[PDB]
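In what follows, a structure is listed as structure tokens, so that the remarks can point back to it.
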Amino acid sequence: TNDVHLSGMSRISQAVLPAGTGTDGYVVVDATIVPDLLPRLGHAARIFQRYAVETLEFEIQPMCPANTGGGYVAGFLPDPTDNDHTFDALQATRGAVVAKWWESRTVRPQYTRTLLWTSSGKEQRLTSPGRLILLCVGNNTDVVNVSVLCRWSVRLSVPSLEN
Amino acid sequence: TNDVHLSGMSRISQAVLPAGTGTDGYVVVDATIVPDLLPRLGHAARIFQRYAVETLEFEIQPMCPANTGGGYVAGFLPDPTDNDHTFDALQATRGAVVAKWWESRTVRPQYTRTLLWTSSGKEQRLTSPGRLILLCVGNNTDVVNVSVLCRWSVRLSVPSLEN
Amino acid sequence: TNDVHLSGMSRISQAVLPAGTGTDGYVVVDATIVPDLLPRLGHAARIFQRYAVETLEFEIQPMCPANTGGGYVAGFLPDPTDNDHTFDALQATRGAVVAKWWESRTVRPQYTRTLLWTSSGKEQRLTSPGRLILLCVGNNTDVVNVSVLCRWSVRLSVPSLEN
Amino acid sequence: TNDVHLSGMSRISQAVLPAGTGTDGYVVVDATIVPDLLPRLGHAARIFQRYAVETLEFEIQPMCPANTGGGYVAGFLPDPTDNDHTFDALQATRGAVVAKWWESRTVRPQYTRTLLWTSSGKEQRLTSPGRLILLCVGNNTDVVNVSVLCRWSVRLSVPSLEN
Amino acid sequence: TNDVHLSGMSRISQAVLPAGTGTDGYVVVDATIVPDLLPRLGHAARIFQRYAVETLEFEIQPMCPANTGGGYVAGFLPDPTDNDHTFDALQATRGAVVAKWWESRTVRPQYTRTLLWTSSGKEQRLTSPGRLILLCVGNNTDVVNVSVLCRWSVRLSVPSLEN
Amino acid sequence: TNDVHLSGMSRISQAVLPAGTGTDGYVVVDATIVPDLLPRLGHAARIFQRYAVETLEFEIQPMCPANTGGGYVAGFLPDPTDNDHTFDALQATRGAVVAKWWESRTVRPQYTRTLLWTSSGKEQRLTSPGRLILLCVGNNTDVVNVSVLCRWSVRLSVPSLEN
Amino acid sequence: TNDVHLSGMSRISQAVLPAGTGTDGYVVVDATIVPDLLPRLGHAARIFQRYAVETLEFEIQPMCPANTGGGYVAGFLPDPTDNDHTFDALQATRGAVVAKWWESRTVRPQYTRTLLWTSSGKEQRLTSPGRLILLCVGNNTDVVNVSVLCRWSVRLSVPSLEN
Amino acid sequence: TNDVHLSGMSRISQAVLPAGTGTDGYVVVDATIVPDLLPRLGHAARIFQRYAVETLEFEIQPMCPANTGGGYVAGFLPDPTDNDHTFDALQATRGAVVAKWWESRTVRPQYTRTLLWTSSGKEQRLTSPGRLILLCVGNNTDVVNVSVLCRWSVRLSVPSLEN
Amino acid sequence: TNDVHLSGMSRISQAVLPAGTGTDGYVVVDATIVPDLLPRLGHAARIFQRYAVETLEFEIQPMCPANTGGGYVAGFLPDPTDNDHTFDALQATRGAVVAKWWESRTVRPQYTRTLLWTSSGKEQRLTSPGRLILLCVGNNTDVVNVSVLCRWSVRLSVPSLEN
């Protein structure tokens, strides 16, 4: 077939949350998923022109001591468009997970599952499959170095070359 | 299957055309079809993120005496975008019906049949499957209290909670 | 195959018979059927050279109050050339219908079925499948605003680009 | 089927390159592909809302004499949005061909194959499948009268009338 | 069977186009296809009375030096009737070809495919299957001796003898 | 079958040829075959719009003494439009017969087999299948009262009423 | 197949034999069978180059009163070459018929059955299949207007064009 | 089988057409085909008595610069006996090709397929299968050195020895 | 099998025929095909004792402007021995090609097909399977740089070490 399947896993973001600064609803990560954000896919984005997302998961990897009065809710909402960053809105999505900050966790969302576009558009419903949000629950006793990782499997289409 | 199917019939609009105000080409109704317009699906759209239209039929239901020398043409054009509210243009669509103001009628269009978006978009041929237009033909002798109803059936897709 | 199939319904004419101006044998419509009379086929006849008539009906759709003392005969004579415009003459064609002015009605004729030509010619039995006539019967008590509609289904032949 | 299949071949543009005006990367033709450009599709686009491309080709037909020091690269890139008009951006596409100016040549691109819309819109990745670019390689000895032909096959879908 | 199949290939016309006299749109050949024009068929035309065209092709055979800044478009429009001799109108037909004057080329049109008449009629839609047009593109540097050839396959019917 | 099959045998003409007034080539009969010529069919022609011939035969019936130096040729040529009235022209038809004036003889032509119209038209190859010609051979020694009879089997197709 | 089958029936000759001028052995017709002599075949003779005779018959059609003391012998000898025009030599051939001058008659000969040539040769055994002779038997009382007719079926070969 | 098959390809002729001497209808080659003319068949002809052509093609091989405004029409007429050396006559034969003088070309005719004789006789349609003709179309600007080659496949039949 | 198969394509010769020196007969190449002329095979011959030629072809590859009045004949005689270097003699062999000097061409002969010998012979009918000849036809107008290439495939025989 003409379609090219790429897979990888990349750090979407890394936030450092100081000793006492989290509270119910504080947005610690808000990452809109674009090929530029996943470095290996960022390169293959310049070779093809449309990409379609075949599997997406986000691994929340917070790094703090086991004595942290932590808490987060992590979710992937499928519109890059909207800013509805509240707990209930995250928990309404499929992947949604909640955990104490000393607990790793994986969000397995359900998404567009459709053909997209490797470069910006007038209508951005076809340039990004969604965005990953990470919210505080309660308030952290200790310093947290959260890094979220996106594992991705993508099928790429129409050859091209954007310089 | 994940896709949730949902059906109903809703009053899209209700106009009161006064007692002589018609003439050929007068727009009494011009409703752009979106989840908020159909109050049951209104709520199903706050839950889910996308939706595809499985059936659409519009039931023109004017209410006036049998002694009304009226005339309407009713038609569903599938560009939620296109201002083109003229007899010929409406009659070119599929479901298009024409009738005296004391005759009920149903339009059965053909349409997008595609997958849309419960939330408003920057590009709006992904938000609405089109619009329903009721046009005067000749002039009414009498008052008409027109109510268009939409019978609909719809498959809603990715879970969410878009306030 | 090569052939294109188009289908639509279109207003062929509109007349506004006022107060008391019809009368046993008065001609309110006399429409020689060509692609130009059907807006959609007007455009698709510029593109193709020839066309064959696969279905043809006419839907008389007059508009008056139910207290109107009218009546019409309507029929399709299958000679674009035939000038005979009397009651018996119409009542000898197949679908021929007669009805009070407050009834809609459908004439379903039988016709050429042959392959014609989208463009004017020296012999016009190759340009038109016939002509739709609408006569008055009795003498209307009131103001009729009548529109006749042609429901067509046609197949187009050999490419071209007529100005 | 409710889908019509149409097929033609239309001149996309005509450029006349005078006796020494071309040069590595000089842009001679750059044409965003839309129904209006291809005469017969323009007339049928005025009749259906939607269209989808089944076959796309571009025949480059330069007219000049055999003693010309020519050269060209023809490519079709499939965003009507993209400006990258450099040799290596064209060669990166599937159809890309190069030739001396006294050599006709067909480009066989790979393209959208998706369902578009026959009128302009806010996002034009839905109105057009791409653009044909024609660039000079080297400078011409002589006068070139280049005409690019686009052969096409299209399937049109939802009835309408854009007067 | 009673039907008689004849085939051949004949010179429809021969134009001599002097050193500098062609320009965009100049009609160099305009030949209405009649049995008299194909000499072998011209004879068999006097034996039968109706002829029907089973295969038609035109071979454009321009004769000039390879250093000619030439260009032509050749097309077969299926009405002997109309004088629409513009490039776009020719290219709209099926056979349509364009080429530099030092390139042979074959137009393979689509035509009436119907029964015709071996002698003149009041309505000439049935005496000739169309006409072959040859137009200049750009302007010729040199003298061109174009000869167009029609290859034909015809089935002849009803015996007869016209003296 | 909606179609009506109708058959008769009627007198096309009657010519009385005095004692010496025939001569190689003299046209005694030249009849163009149309409904009205055939009595029964002339009435059935008023009821329907088209007819297609299904069998035709012309029975030549000269009455005169056995001592007559006569001679005729009779044939059916299939245009109503051909004035070729010469022996060789007649003989080259299929039906063609030659006989002495005291022999009954039957022309069995091959002919149109196509669908005509029951009404005169602008092109007359859609109204009559041909014409029966009768010419003298030698000269007649005696009075000859020739009568020709068309035998016909015809289908009639499209209901109507010509008054 | 490449072979073309033609059939017809033509007047080979017409002799007028005055009141008393025939006698045993008088040659009234002596016709060498060439394509030029059969008018329809005369035309097709210029299109092909070799013709082969598939069926031959001659219908003797003498026209005189029933009171004629007539008599003829008619025969087809298969060499165009030889002048042996005696009764016995005619009766030796296969078709040979004898009859009173007031009797029609048909000679059904046997012939070369071989490939021939549509135009003259140094050896004429291949340009004509034979010749038809008509001789007087006894002597005619009255004037006879004999016309002999050749019915022929021929298959034609190798395309060509003789002007 | 007592038949010896022989193949070859030989030069029938070579002509040098100087600077400006060609013109429509100028005969530059008129070669009647006999075994003496094909060198190897010449020798095999002396050994046998009868030969029959099984394949027969002519390769026209003109040599001149690409900058030549020439033109030729070549064909093979199948009688050695016919002098018709006009264009129309050549184009009517099967092989007949036309071409500018800087284009090579092959005539695949249709021909005798009969059994001929290796030696001269009174009738010469038994000794040659026909003759190759080459005609000018337009005037050559330049010097052409034209060689026509004949590829042949012949079957030789009755042994002898003609010293 | 014990056999070792070896293939290549080698430049047998490079001549350079100056701008007016060529004429019908002039020998430009005359290369006798020995293992040493084919360099790759040159080395394989020192390893084995004998070799049998399995596929042989010669590609004539003259370079010159397209405005050259040239002409050649190329052919492979399968006689290393024979000094017959004349047009007819070359045309008698199988591959033999003729062509203008600005046309590439491929001779494909039929040859010895036998087992020869990689070291010189006292009978040289077992060391080289023939020789490739190139002649002039007419005279060249421009300098010609001809290079002939021998495409070869070979099977080599019996192990050895011949200095």
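In the structure tokens, chains take the letters A, B, ... in the order shown, each chain's residues start at 1, and ligands count up from 1 in the order shown.
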Discussion item. Would you pick out the contacts of residue 31 in chain H at 7 Å or less, using only C-alpha atoms, so that residues sharing its chain but fewer than 4 positions from it are not included, and give the list as a list in words?
Written reply: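 Those residues are residues 12, 131, 132 and 133 of chain H.
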Over every C-alpha pair, in sequence order, do a least-squares fit of chain C onto chain E and save the fitted chain as a compact mmCIF listing (two decimals) with C-alpha atoms, in the first residue's frame.
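The resulting part-v7.txt:
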```txt
# COMPACT_ATOMS: atom_id res chain seq x y z
CA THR C 1 -28.06 -10.25 -42.36
CA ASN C 2 -28.66 -7.50 -44.95
CA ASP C 3 -26.14 -4.78 -43.90
CA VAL C 4 -22.96 -3.87 -45.70
CA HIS C 5 -19.85 -2.82 -43.68
CA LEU C 6 -17.26 -0.53 -45.34
CA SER C 7 -13.96 0.74 -43.89
CA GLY C 8 -11.33 3.17 -45.07
CA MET C 9 -9.22 6.22 -44.37
CA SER C 10 -9.42 9.40 -46.40
CA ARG C 11 -8.14 12.92 -46.76
CA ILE C 12 -10.84 15.37 -45.67
CA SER C 13 -8.90 18.49 -46.55
CA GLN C 14 -5.51 19.98 -47.25
CA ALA C 15 -4.32 23.47 -46.30
CA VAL C 16 -1.06 25.22 -46.94
CA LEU C 17 -0.47 27.61 -44.09
CA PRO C 18 2.47 29.82 -45.23
CA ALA C 19 5.17 31.70 -43.33
CA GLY C 20 3.46 33.52 -40.47
CA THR C 21 -0.29 33.39 -41.08
CA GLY C 22 -1.81 31.20 -38.26
CA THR C 23 -2.83 32.81 -34.94
CA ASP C 24 -4.48 31.96 -31.64
CA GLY C 25 -7.88 30.92 -32.97
CA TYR C 26 -7.38 31.00 -36.76
CA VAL C 27 -9.39 28.36 -38.63
CA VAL C 28 -7.38 26.23 -41.04
CA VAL C 29 -9.92 23.48 -41.55
CA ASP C 30 -13.68 23.22 -41.11
CA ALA C 31 -15.03 20.05 -42.73
CA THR C 32 -18.67 19.00 -42.41
CA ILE C 33 -18.57 15.24 -42.66
CA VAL C 34 -20.55 13.67 -45.46
CA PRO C 35 -20.03 10.56 -47.67
CA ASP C 36 -18.82 12.74 -50.52
CA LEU C 37 -15.79 13.81 -48.44
CA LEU C 38 -14.62 10.18 -48.24
CA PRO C 39 -13.98 9.19 -51.85
CA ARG C 40 -14.82 5.47 -51.38
CA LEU C 41 -17.98 6.13 -49.40
CA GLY C 42 -18.90 8.79 -51.97
CA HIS C 43 -19.40 5.92 -54.45
CA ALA C 44 -21.12 3.61 -51.98
CA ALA C 45 -23.56 6.29 -50.84
CA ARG C 46 -24.93 6.56 -54.36
CA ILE C 47 -25.78 2.82 -54.05
CA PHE C 48 -27.43 2.84 -50.59
CA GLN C 49 -30.06 5.07 -49.03
CA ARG C 50 -28.89 5.30 -45.42
CA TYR C 51 -25.74 4.86 -43.38
CA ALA C 52 -24.71 4.43 -39.74
CA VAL C 53 -21.34 5.56 -38.35
CA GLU C 54 -19.71 2.69 -36.50
CA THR C 55 -16.16 4.13 -36.03
CA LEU C 56 -14.69 7.58 -36.58
CA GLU C 57 -11.25 9.06 -35.92
CA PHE C 58 -9.24 11.82 -37.46
CA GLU C 59 -5.53 11.83 -37.89
CA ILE C 60 -4.08 15.31 -38.15
CA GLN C 61 -0.97 14.91 -40.30
CA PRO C 62 0.65 18.38 -40.81
CA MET C 63 4.00 18.72 -42.55
CA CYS C 64 6.73 21.11 -41.53
CA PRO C 65 10.31 21.04 -40.41
CA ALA C 66 10.93 20.32 -36.76
CA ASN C 67 11.91 24.01 -36.41
CA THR C 68 8.41 25.42 -36.52
CA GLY C 69 6.75 27.45 -33.78
CA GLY C 70 3.23 26.45 -34.37
CA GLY C 71 0.62 24.35 -32.67
CA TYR C 72 -2.96 23.45 -33.41
CA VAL C 73 -6.08 22.30 -31.61
CA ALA C 74 -8.26 19.90 -33.53
CA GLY C 75 -11.58 18.43 -32.50
CA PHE C 76 -14.76 16.91 -33.75
CA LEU C 77 -17.99 18.75 -32.81
CA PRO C 78 -20.94 16.30 -33.37
CA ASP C 79 -23.39 18.89 -34.78
CA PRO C 80 -23.06 19.35 -38.46
CA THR C 81 -24.81 22.59 -37.56
CA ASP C 82 -22.66 23.95 -34.70
CA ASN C 83 -20.80 27.10 -35.78
CA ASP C 84 -18.91 27.62 -32.48
CA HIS C 85 -15.25 27.54 -33.63
CA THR C 86 -13.04 28.52 -30.69
CA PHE C 87 -10.32 26.72 -28.65
CA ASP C 88 -12.36 25.95 -25.56
CA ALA C 89 -15.19 24.82 -27.83
CA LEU C 90 -12.95 22.25 -29.50
CA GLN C 91 -11.19 21.36 -26.26
CA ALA C 92 -14.61 20.38 -24.85
CA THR C 93 -15.07 17.52 -27.41
CA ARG C 94 -13.66 14.12 -26.50
CA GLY C 95 -10.74 13.23 -28.64
CA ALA C 96 -9.76 16.91 -28.86
CA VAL C 97 -6.00 17.16 -29.25
CA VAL C 98 -3.49 20.02 -29.16
CA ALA C 99 0.05 19.58 -30.41
CA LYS C 100 3.02 21.40 -31.96
CA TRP C 101 2.93 21.69 -35.78
CA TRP C 102 5.64 19.00 -36.08
CA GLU C 103 3.51 16.37 -34.22
CA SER C 104 0.89 14.16 -35.89
CA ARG C 105 -1.99 13.42 -33.64
CA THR C 106 -5.24 11.48 -33.52
CA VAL C 107 -8.58 12.79 -32.42
CA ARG C 108 -10.97 10.10 -31.30
CA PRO C 109 -14.35 11.68 -30.74
CA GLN C 110 -17.66 10.26 -29.63
CA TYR C 111 -20.58 10.94 -31.89
CA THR C 112 -24.12 10.32 -33.12
CA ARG C 113 -23.80 6.47 -33.52
CA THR C 114 -27.30 6.77 -35.03
CA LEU C 115 -28.66 5.94 -38.47
CA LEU C 116 -28.39 8.84 -40.94
CA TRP C 117 -29.12 9.30 -44.69
CA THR C 118 -26.56 9.27 -47.58
CA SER C 119 -28.29 12.25 -49.22
CA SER C 120 -28.80 15.94 -48.35
CA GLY C 121 -32.02 16.60 -46.35
CA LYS C 122 -33.99 19.52 -44.90
CA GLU C 123 -32.56 18.76 -41.44
CA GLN C 124 -28.89 17.95 -41.62
CA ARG C 125 -28.46 16.20 -38.27
CA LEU C 126 -29.60 13.25 -40.40
CA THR C 127 -26.95 13.67 -43.07
CA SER C 128 -23.71 14.27 -41.09
CA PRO C 129 -22.17 12.88 -37.86
CA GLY C 130 -20.57 16.28 -37.10
CA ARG C 131 -17.64 18.36 -38.28
CA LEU C 132 -13.89 18.41 -37.91
CA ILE C 133 -12.28 21.71 -36.93
CA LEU C 134 -8.60 22.65 -36.96
CA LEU C 135 -7.43 25.85 -35.32
CA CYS C 136 -4.09 27.41 -34.93
CA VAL C 137 -2.48 27.83 -31.53
CA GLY C 138 0.31 30.36 -31.34
CA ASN C 139 1.61 31.49 -34.72
CA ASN C 140 3.63 29.22 -36.99
CA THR C 141 7.26 30.07 -37.76
CA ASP C 142 7.23 28.29 -41.07
CA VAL C 143 5.30 26.68 -43.93
CA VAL C 144 2.96 23.95 -42.81
CA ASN C 145 1.31 21.73 -45.44
CA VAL C 146 -1.43 20.03 -43.38
CA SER C 147 -3.74 17.17 -44.40
CA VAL C 148 -6.34 15.69 -42.05
CA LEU C 149 -7.47 12.13 -42.56
CA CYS C 150 -10.71 10.53 -41.46
CA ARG C 151 -10.58 6.87 -40.56
CA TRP C 152 -14.10 5.57 -40.87
CA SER C 153 -16.10 2.43 -40.48
CA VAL C 154 -19.70 2.65 -41.47
CA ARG C 155 -22.68 0.39 -42.20
CA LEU C 156 -24.98 1.03 -45.17
CA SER C 157 -28.66 0.46 -45.22
CA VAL C 158 -31.25 0.28 -47.97
CA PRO C 159 -30.57 -0.07 -51.69
CA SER C 160 -30.98 2.75 -54.18
CA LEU C 161 -29.17 4.45 -57.13
CA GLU C 162 -28.78 8.25 -56.60
CA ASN C 163 -27.53 10.34 -59.53
```
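All residues within range 9-109 of chain I that the backbone DSSP calculation assigns to alpha helix (DSSP H) are residues 39, 40, 41, 42, 43, 44, 87, 88, 89, 90 and 91 of chain I.
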Practice prompt. Name the residues of chain A that fall into strand (DSSP E or B) according to DSSP on the backbone, using the chain letters and numbers of this document, as a VMD selection string.
Written response: chain A and resid 4 to 17 27 to 32 48 to 61 72 to 77 97 to 99 105 to 107 115 131 to 136 144 to 159
Store the residues picked out above in a file with C-alpha atoms, as a PDB file, in the first residue's frame.
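In the end it all went to part31.pdb:
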```pdb
ATOM      1  CA  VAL A   4       3.234   4.696   5.754  1.00  0.00           C
ATOM      2  CA  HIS A   5       2.830   3.649   9.410  1.00  0.00           C
ATOM      3  CA  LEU A   6       4.929   5.477  12.060  1.00  0.00           C
ATOM      4  CA  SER A   7       5.007   4.832  15.808  1.00  0.00           C
ATOM      5  CA  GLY A   8       6.785   6.408  18.749  1.00  0.00           C
ATOM      6  CA  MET A   9       6.526   7.879  22.213  1.00  0.00           C
ATOM      7  CA  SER A  10       7.453  11.454  23.058  1.00  0.00           C
ATOM      8  CA  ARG A  11       7.443  13.899  25.951  1.00  0.00           C
ATOM      9  CA  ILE A  12       4.543  16.274  25.287  1.00  0.00           C
ATOM     10  CA  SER A  13       5.476  18.492  28.175  1.00  0.00           C
ATOM     11  CA  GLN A  14       7.276  18.891  31.482  1.00  0.00           C
ATOM     12  CA  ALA A  15       5.989  21.047  34.265  1.00  0.00           C
ATOM     13  CA  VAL A  16       7.588  21.720  37.622  1.00  0.00           C
ATOM     14  CA  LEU A  17       5.002  22.396  40.290  1.00  0.00           C
ATOM     15  CA  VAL A  27      -4.032  23.748  34.937  1.00  0.00           C
ATOM     16  CA  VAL A  28      -0.506  22.270  35.035  1.00  0.00           C
ATOM     17  CA  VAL A  29      -0.416  21.008  31.458  1.00  0.00           C
ATOM     18  CA  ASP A  30      -2.414  22.034  28.428  1.00  0.00           C
ATOM     19  CA  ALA A  31      -0.870  20.654  25.281  1.00  0.00           C
ATOM     20  CA  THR A  32      -2.492  20.793  21.855  1.00  0.00           C
ATOM     21  CA  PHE A  48       4.025  13.821   3.833  1.00  0.00           C
ATOM     22  CA  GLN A  49       1.104  16.184   3.887  1.00  0.00           C
ATOM     23  CA  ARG A  50      -1.789  14.435   5.558  1.00  0.00           C
ATOM     24  CA  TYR A  51      -1.440  12.287   8.704  1.00  0.00           C
ATOM     25  CA  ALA A  52      -4.130  10.150  10.348  1.00  0.00           C
ATOM     26  CA  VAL A  53      -4.001   9.038  13.975  1.00  0.00           C
ATOM     27  CA  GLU A  54      -4.315   5.303  14.556  1.00  0.00           C
ATOM     28  CA  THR A  55      -3.473   4.968  18.283  1.00  0.00           C
ATOM     29  CA  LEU A  56      -3.074   7.594  21.054  1.00  0.00           C
ATOM     30  CA  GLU A  57      -2.265   7.236  24.731  1.00  0.00           C
ATOM     31  CA  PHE A  58      -0.797   9.581  27.280  1.00  0.00           C
ATOM     32  CA  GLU A  59       1.334   8.384  30.145  1.00  0.00           C
ATOM     33  CA  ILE A  60       1.301  10.745  33.103  1.00  0.00           C
ATOM     34  CA  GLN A  61       4.645  10.484  34.845  1.00  0.00           C
ATOM     35  CA  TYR A  72      -4.383  15.113  39.493  1.00  0.00           C
ATOM     36  CA  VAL A  73      -6.978  14.486  36.835  1.00  0.00           C
ATOM     37  CA  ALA A  74      -5.707  14.014  33.303  1.00  0.00           C
ATOM     38  CA  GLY A  75      -7.843  13.837  30.196  1.00  0.00           C
ATOM     39  CA  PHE A  76      -7.739  14.168  26.432  1.00  0.00           C
ATOM     40  CA  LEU A  77     -10.499  16.268  24.893  1.00  0.00           C
ATOM     41  CA  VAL A  97      -7.790   9.232  34.960  1.00  0.00           C
ATOM     42  CA  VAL A  98      -7.349  10.567  38.482  1.00  0.00           C
ATOM     43  CA  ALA A  99      -4.603   9.678  40.940  1.00  0.00           C
ATOM     44  CA  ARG A 105      -1.160   6.646  35.152  1.00  0.00           C
ATOM     45  CA  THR A 106      -2.223   6.198  31.529  1.00  0.00           C
ATOM     46  CA  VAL A 107      -5.071   7.896  29.708  1.00  0.00           C
ATOM     47  CA  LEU A 115      -7.712  11.984   8.328  1.00  0.00           C
ATOM     48  CA  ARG A 131      -5.377  18.262  23.355  1.00  0.00           C
ATOM     49  CA  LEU A 132      -4.120  16.777  26.607  1.00  0.00           C
ATOM     50  CA  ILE A 133      -5.034  18.554  29.836  1.00  0.00           C
ATOM     51  CA  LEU A 134      -3.679  17.940  33.315  1.00  0.00           C
ATOM     52  CA  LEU A 135      -5.415  19.452  36.353  1.00  0.00           C
ATOM     53  CA  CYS A 136      -4.579  19.599  40.039  1.00  0.00           C
ATOM     54  CA  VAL A 144       6.285  17.659  41.648  1.00  0.00           C
ATOM     55  CA  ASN A 145       8.168  17.275  38.355  1.00  0.00           C
ATOM     56  CA  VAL A 146       5.455  16.003  36.087  1.00  0.00           C
ATOM     57  CA  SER A 147       6.325  14.902  32.551  1.00  0.00           C
ATOM     58  CA  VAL A 148       3.499  13.698  30.267  1.00  0.00           C
ATOM     59  CA  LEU A 149       4.362  11.339  27.452  1.00  0.00           C
ATOM     60  CA  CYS A 150       2.338  10.675  24.372  1.00  0.00           C
ATOM     61  CA  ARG A 151       2.593   7.270  22.766  1.00  0.00           C
ATOM     62  CA  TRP A 152       1.363   7.459  19.240  1.00  0.00           C
ATOM     63  CA  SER A 153       0.821   5.403  16.137  1.00  0.00           C
ATOM     64  CA  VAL A 154       0.130   7.320  12.956  1.00  0.00           C
ATOM     65  CA  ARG A 155      -0.448   6.532   9.242  1.00  0.00           C
ATOM     66  CA  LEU A 156       1.006   9.132   6.828  1.00  0.00           C
ATOM     67  CA  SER A 157      -0.193  10.002   3.323  1.00  0.00           C
ATOM     68  CA  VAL A 158       0.400  12.049   0.147  1.00  0.00           C
ATOM     69  CA  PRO A 159       4.140  12.634  -0.382  1.00  0.00           C
TER      70      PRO A 159
END
```
